[PDB]
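# A closer look at the structure
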Amino acid sequence: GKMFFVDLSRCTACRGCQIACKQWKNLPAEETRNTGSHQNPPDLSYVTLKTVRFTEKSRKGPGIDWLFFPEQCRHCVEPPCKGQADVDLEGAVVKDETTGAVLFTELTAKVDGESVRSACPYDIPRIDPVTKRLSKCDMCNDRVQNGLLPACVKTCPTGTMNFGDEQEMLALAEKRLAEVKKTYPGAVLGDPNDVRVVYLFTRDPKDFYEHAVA
Amino acid sequence: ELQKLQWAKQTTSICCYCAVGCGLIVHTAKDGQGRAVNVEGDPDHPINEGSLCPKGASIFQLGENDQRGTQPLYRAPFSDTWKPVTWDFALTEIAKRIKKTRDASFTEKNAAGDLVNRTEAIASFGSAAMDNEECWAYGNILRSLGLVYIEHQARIXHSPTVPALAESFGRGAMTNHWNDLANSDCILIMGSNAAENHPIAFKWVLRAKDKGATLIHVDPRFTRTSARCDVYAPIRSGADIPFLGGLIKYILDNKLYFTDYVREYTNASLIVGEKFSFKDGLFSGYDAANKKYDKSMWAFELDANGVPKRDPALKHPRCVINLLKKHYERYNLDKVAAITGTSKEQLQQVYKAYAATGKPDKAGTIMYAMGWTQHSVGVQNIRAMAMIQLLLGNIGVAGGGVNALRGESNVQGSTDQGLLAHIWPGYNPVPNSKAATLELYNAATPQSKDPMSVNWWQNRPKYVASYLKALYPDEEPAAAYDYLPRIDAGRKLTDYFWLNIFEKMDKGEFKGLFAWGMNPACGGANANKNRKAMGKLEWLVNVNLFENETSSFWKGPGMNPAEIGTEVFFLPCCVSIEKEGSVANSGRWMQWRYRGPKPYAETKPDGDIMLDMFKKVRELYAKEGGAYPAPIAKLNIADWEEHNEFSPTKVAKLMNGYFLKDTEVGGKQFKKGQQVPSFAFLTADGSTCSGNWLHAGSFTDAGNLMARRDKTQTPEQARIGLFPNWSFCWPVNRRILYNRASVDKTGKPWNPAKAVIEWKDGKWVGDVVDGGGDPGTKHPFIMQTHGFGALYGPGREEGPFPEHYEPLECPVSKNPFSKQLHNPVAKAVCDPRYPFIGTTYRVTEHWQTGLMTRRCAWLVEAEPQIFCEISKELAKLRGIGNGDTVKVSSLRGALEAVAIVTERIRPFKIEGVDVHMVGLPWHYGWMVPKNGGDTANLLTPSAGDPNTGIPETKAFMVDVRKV
Ligand SMILES: Nc1nc2c(c(=O)[nH]1)N[C@H]1C(S)=C(S)[C@@H](COP(=O)(O)OP(=O)(O)OC[C@H]3O[C@@H](n4cnc5c(=O)[nH]c(N)nc54)[C@H](O)[C@@H]3O)O[C@H]1N2
Ligand SMILES: Nc1nc2c(c(=O)[nH]1)N[C@H]1C(S)=C(S)[C@@H](COP(=O)(O)OP(=O)(O)OC[C@H]3O[C@@H](n4cnc5c(=O)[nH]c(N)nc54)[C@H](O)[C@@H]3O)O[C@H]1N2
Ligand code: SF4
Ligand code: SF4
Ligand code: SF4
Ligand code: SF4
Ligand SMILES: [S]
Ligand SMILES: [W+6]
């Protein structure tokens, strides 16, 4: 199976990944206002599968600890979203056995939308109020099964985003974690044994987002 | 296979936004016959490797945009509505307006009776966003019309800084390039927010860190850059020179400079004449009545042959290095810490980290873009940067240099093509009224009696002659020299520049304005004044992608169209991916790009617009006569077009140049019609043409070198990432400028592990050597008159050594380094009703005035509204909560914005008083989007810096109040 390694210690919050996700899928933009933050859209939605969250933590000395979190579906190895969806209709949520991606099909309008989201410990699924289908990051499985990197991975300039087979990415995550710890001693990996999107947080993952880790 | 791209033709392009120069791939439906269906990064491009920041990543939304202009739009005087009009009518009427204006305004001779042959009733703005071929032909069309008020983006952000680099090194360009950043051992980012404003650069910045580099960000604010640097040092606005002066003293006191480099490759050994002095913040030769210096008091002591005297022992008390040590001993840590606001701890940490790159096995680079360098001593700020690098041996080496980050995709090229009032293409000056002949013009070039000084500018008569024959191939150069307009010699040079055009605008001295690829209604400071001043125009021609605040100023906020009688023509141009051409990025890479989809609707590339427009002007003069029709009728435009269309390929070949007859230059026979292989083979007798001598080598008989996409590299090239076979950079593919300073006088690199060039087997291996010659036989700075890197730069108006003069007029009253508070060679009101320091900067997601990016829904999604970033201290003082609507006001105007309260802004401690700074983006305008806000330039003053002729947009007094 495939896997993301997301090294947040290199992220410049450029939000190229947020736009590249919408460009590839030709997704519409949300109606957004500025409410005191550069973060926008403020949350994932049916037409926003990835948004970069901004969190400012104070630190003594000059500056702050600015924590950037490009949120996306973790593509769990054992996705609980599939277990809750299989209660109503099997086939609405599908696991690609070659890439490991968890995919929502058009039969998710047949299932209880809010139950599937509540089953996800990362609060990832979003439902359209009209078509009642579920939408989320789909790993760009179309590109992956055609030898292309996901749009958000290819567009990232910093090296935050990495993609490949799960074995080589864990070895990269383990090697990078030991190097990042020299500058950020509280560097941790987000549930590396359960998900295929392995974030490297520079500090407490909860400081990045409430549902950064399960 | 991917259905989205299955039947689409793939082409490559270059990003149309910042000067990083990222490569794209465009997929066009129906095998190139339809619209674009996908735009993303080029994985094979060596700079970005397929990555794109959000602006580049959304170019598909920019091109395939139903808000784009579709056809010319005409606005009759006192009308309140656009009227759609054909291209033929639009260009016929403008050609009538141009001729009617030119005929009634053409002065063949000035008041002194000297030939000028110009018209001063038409001004032109823009543009760094056009192709290099389009920029070059545009400038020549304007000058063939007689214009002298020709300005564009480069004047505002770069021109205050490039004299510092030309004085220091002999050229104004960025010394290294983007990939080279990964070789640095310590990266000092100061006056730049590179992670937001040059985002792909942080690919290489972070790769430097992976190899052990220390990343230092010096900035009054904590930005997205600051989060990814090892050291964030805050500095209060305007304290850059005290900061850098302290580093100079630190380097000199602790003997951390590279002595062998300094002794041989800088002017440290030159003997300054006894007339030089510095006391009480004033250099010698100061005219207190006129607030100007007699620079001849700073001249070097010359030997019996006219060459400046040198003491290679560096012990003479009038040696540059010793006078340098004396000048900067005042900049002790305690004084610098007090004025910068930077802790003494942090200063020592940063000084030690960066000064450690003075060792030959270590390289330090300084990155700046615009920052706050627009004021009078901005040039001295960059001079100090260059001096620090010369002391540490960082100029010409991999991972070193002064990386002055350029702004727009082609602001380098647009400057190279002479879209500034003072320069022809190739940085040959626009002659003044006293340069009555071509011989007198060439006599102004300085000569040098030093056999080791290359002094490459002595070849200028070849470049002026070939440029004139590119324009007029059958007139002899001395005759065609009389065709082009000249400025007044007795007039201040800044009178022809960006700001004075806006002031002459407000005085009704301009009949017509070309707003070509610029948005002056938002980009120019004091928007209220400039928007009302545009109503004083007879006619306005705006060429852009969308209807905008400049096209539609007559129906702007507070405007009554029935009272404004300006006649506005809007001509919609096509986007970058809809046309072929080249753009020159920050590292001078001239990169060719191809058309993806056809031009949308009836939009036209700029080249076709100006060519067809100039042809209408030409034909109307051929059947009506008029004032001085000579330069219009003889202009060589046949080499500009192909198949009834502007030809980017043929223009690029003419700019490179070709032999007009058989000639033997430089021990080689060349036959007529052949392309010129390099500017070394240009002549002055008329046998050679060349639109831009810097382009001689870009398009030879071997093909279009700018279109090279070859990643072939030798081991030494690949180790520092020269990529010599990817595209082409001027001059003659020298990727790292001044690379002769990277080796010793036997040709061995100071840093073999990061060698740029090396003398191996009687040849220079690696980069193209910047200046031919055996090792140890030539001085390394070939464009300098004397050949050395200038620690002492007597060509600067403020003095040969940078000196702190307070840029902040209002809150500061004391200079700890001298008696002189403000620049002695440069009246802000400082009204107490506006006690806060307003400033403007950028965010990653928006571009310039936002004319482009406020039309892309994904970028508006991320940054929908104008904001105002303030400290927690300011918010508590004014009772403003995060997310509240605030009113920011100044003497110039007022606007509303949503407050962003953040610890990323901290109060400045100035003379025992907390001084607060508020930040605003200038990315917004009243047209689009809804609730987006207007431009921050409603608050900025139109009072410009007497030196630079540029207004203040980084430190202007404001008030902010809760609404
Ligand atoms: N995303 C994006 N990128 C752009 C642009 C854009 O509009 N959007 N514009 C392009 C253009 S044309 C230009 S010229 C370049 C400009 O590139 P930048 O110079 O990076 O643009 P700025 O954000 O205006 O200024 C950068 C930093 O200077 C800091 N600063 C302010 N005052 C001082 C000072 O006194 N001393 C020091 N050391 N720093 C100070 C500000 O806090 C800011 O973080 O960017 C280009 N890149
Ligand atoms: N307050 C404040 N003011 C500033 C600044 C600041 O930092 N603060 N920055 C200053 C700086 S550094 C700059 S360079 C100026 C820029 O001032 P402007 O040039 O007026 O900024 P824009 O017009 O928005 O961006 C350039 C234009 O190029 C157009 N364009 C794109 N492609 C093409 C093309 O193919 N052909 C043509 N003809 N046009 C095209 C875009 O639509 C866009 O309108 O703003 C300056 N003003
Ligand atoms: S992997 Fe594809 S779908 Fe998921 S966030 Fe990235 S671009 Fe969007
Ligand atoms: S993150 Fe949530 S939605 Fe995504 S696969 Fe895991 S459980 Fe399902
Ligand atoms: S593209 Fe990369 S650096 Fe930019 S916000 Fe996304 S993850 Fe961070
Ligand atoms: S805006 Fe600059 S950094 Fe971003 S994609 Fe375009 S060229 Fe690259
Ligand atoms: S620029
Ligand atoms: W600029």
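Residues numbered from 1 in each chain as written, not as in the entry; some residues may be left out. Chains lettered and ligands numbered in written order. Heavy atoms only, no water. Residues with missing side-chain atoms left out of burial classes, pairs and counts.

X-ray crystallography is the method the PDB entry lists for this structure, together with a resolution of 2.10 Å.

For the rest of this paragraph, the subject is the overall build of chain A. Of regular secondary structure, chain A possesses seven helices and 10 strands. For 214 residues, the compact-globule formula gives about 17 Å, and the C-alpha radius of gyration of chain A, at 17 Å, lands near that figure. The C-alpha extent of chain A, read off along each of the three principal axes, is 55 × 40 × 30 Å. For chain A, buried positions account for 57% of its 214 residues. Here the analysis covers contacts within chain A between residues at least 6 apart in sequence; of these, 58% occur between residues at least 24 apart. Only carbon and sulfur atoms are counted for the fraction: they give 49% of the accessible area of chain A, which is about 8600 Å². Separation between the mean location of the 29 positive side-chain charges and that of the 30 negative ones in chain A comes to 6 Å. (Helix = DSSP H or I, 4+ residues; strand = E, 2+ residues; numbered from the N terminus. Rg over C-alpha atoms; globule rule 2.2 N^0.38 Å. Buried < 20%, exposed > 50% of the residue type's maximum accessible area, 1.4 Å probe, protein only. Contact = heavy atoms within 4.5 Å. Areas by Shrake-Rupley, 256 points an atom, 1.4 Å probe, with all protein chains shown as cover. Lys, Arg positive; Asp, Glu negative; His and termini not counted. Charge placed at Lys NZ, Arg CZ, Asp CG, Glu CD.)

This part covers the interface of chain B and chain A. At the interface, 57 residues of chain B touch 50 residues of chain A. Carbon and sulfur atoms make up 54% of the surface buried where chain B meets chain A, a total of about 4200 Å² over both sides. Of all residues in chain B, the largest losses of buried area upon contact with chain A belong to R228(B), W858(B) and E861(B), amounting jointly to 18% of the total for that side. Notably, a salt bridge pairs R15(A) with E845(B), separated by 2.8 Å at the nearest N-O pair. Run the count over chain B and chain A and you get 29 residue pairs in polar contact. Of all the elements in the fold, those that place two or more residues in the side of chain B that touches chain A are strand 3 (36-41), helix 1 (54-57), helix 8 (201-210), helix 26 (857-862), strand 31 (867-870) and strand 33 (894-901) of chain B. Of the residues forming the side of chain B that touches chain A, the biggest block, six residues, is contributed by helix 26 of chain B. When the residues that make up the side of chain B that touches chain A are grouped by side-chain class, the tally is 30 nonpolar, 12 polar and 15 charged. (Buried area = accessible area lost by both parts, 1.4 Å probe. Salt bridge = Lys/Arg side-chain N within 4 Å of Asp/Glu carboxyl O. Polar contact = N/O pair within 3.5 Å; in protein donor to acceptor, adjacent residues only side chain to side chain. Nonpolar A, V, L, I, M, F, W, Y, C, P; charged D, E, K, R; others polar.)

Attention now goes to the pattern of salt bridges. Side-chain pairing between opposite charges can occur once the charged atoms of the two side chains come close. With the rule as written, the count across this model stands at 81 salt bridges over all chains. Residue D43(A) is joined to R53(A) by a salt bridge in which the shortest nitrogen-to-oxygen separation is 2.7 Å. Here the residue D43(A) occupies a position in the loop between helix 1 (16-25) and strand 2 (52-58), and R53(A) occupies one in strand 2, the gap between them amounting to 10 residues. Take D43(A): its relative accessible area is 27%, and that puts it in the partly exposed class. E167(B) is the salt-bridge partner of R796(B), the closest N and O atoms lying 2.9 Å from each other. With a gap of 629 residues between them, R796(B) in the loop between strand 29 (763-766) and strand 30 (836-841) and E167(B) in helix 6 (residues 162-169) connect regions that are remote in the sequence. Overall, the relative accessible area of 16% leaves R796(B) in the buried class. When its relative accessible area of 14% is taken as the criterion, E167(B) is described as buried. Sharing partners across several salt bridges, the network here consists of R15(A), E196(B), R224(B), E845(B) and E863(B).

Residues and elements named next belong to chain B. Ligand 2 sits among 28 residues. The nearest are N519, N544, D606, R842 and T849. Here an oxygen atom of ligand 2 and a backbone polar atom of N519 are 2.5 Å apart. Taking 910 Å² as the accessible area of ligand 2 by itself, protein coverage stands at 96%. Counting residues per element, the ones that place at least two in the shell around ligand 2 are helix 5 (154-157) and strand 19 (539-544). (Near = heavy atom within 4 Å.)

Within this structure, the stated rule accounts for 60 aromatic pairs over all chains. Here a set of aromatic residues connected by ring pairs shows up, and it is made of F276(B), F278(B), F283(B), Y286(B), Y293(B), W298(B), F300(B), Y328(B), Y331(B), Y792(B), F801(B) and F817(B). Over the ring of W24(A) we find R143(A), and its NZ or CZ is 4.5 Å from the ring centre. When the ring centre of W457(B) is taken as reference, the NZ or CZ atom of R460(B) above it lies at 3.8 Å. (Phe/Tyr/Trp six-rings, centres within 6.5 Å; stacked < 30°, edge-to-face > 60°. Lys NZ or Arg CZ within 6 Å of the ring centre and 35° of its normal.)

Further remarks concern the sheet that holds strand 1 (residues 9-14) of chain B. Residues and elements named next belong to chain B. The sheet built from three strands is open, its strands ordered 1-2-3 with antiparallel pairing. A strand with exactly one partner marks an edge of an open sheet, and here the two such strands are strand 1 and strand 3. Strand-to-strand twist in this sheet, taken as the mean axis angle between neighbours without regard to direction, amounts to 25°. Alignment of strand 1 against strand 2 (residues 23-28), held across six bridges, turns out to be antiparallel. Bridge pairing in strand 2 links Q10 to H27. (Pairing = 2+ DSSP bridges. Axes fitted to C-alpha atoms, helices over the stretch in contact; angles between N-to-C directions.)

Turning our eyes to something else, we now look at the domain arrangement of chain B. Residues and elements named next belong to chain B. By domain assignment, chain B separates into domain 1 (1-67 + 268-319 + 410-487 + 642-734), domain 2 (68-155 + 488-641), domain 3 (156-267 + 320-409 + 735-794) and domain 4 (795-963). For domain 2 and domain 4, the distance between their C-alpha centroids amounts to 30 Å. Contacts between the two partners involve 27 residues from domain 2, matched on the other side by 28 residues from domain 4. Between domain 2 and domain 4, roughly 2100 Å² of surface is buried when both sides are summed, and carbon and sulfur atoms account for 62% of that area. (Domains from an automatic or database assignment.)

With that settled, consider the nonpolar core. Residues and elements named next belong to chain B. Core analysis: the biggest nonpolar cluster contains 153 residues, and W136, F514, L571 and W640 have the highest contact counts within it. No other element matches the seven residues that helix 22 (residues 606-624) contributes to this core. Other than its neighbours up to four places away in sequence, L571 contacts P72, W87, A90, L91, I94, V541, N542, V543, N544 and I609. Counting residues in each nonpolar core, the second largest holds 107 residues, with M190, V336, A404 and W730 among its members. (Core = buried A, V, L, I, M, F, W, Y, C linked by side-chain atoms within 4.5 Å.)

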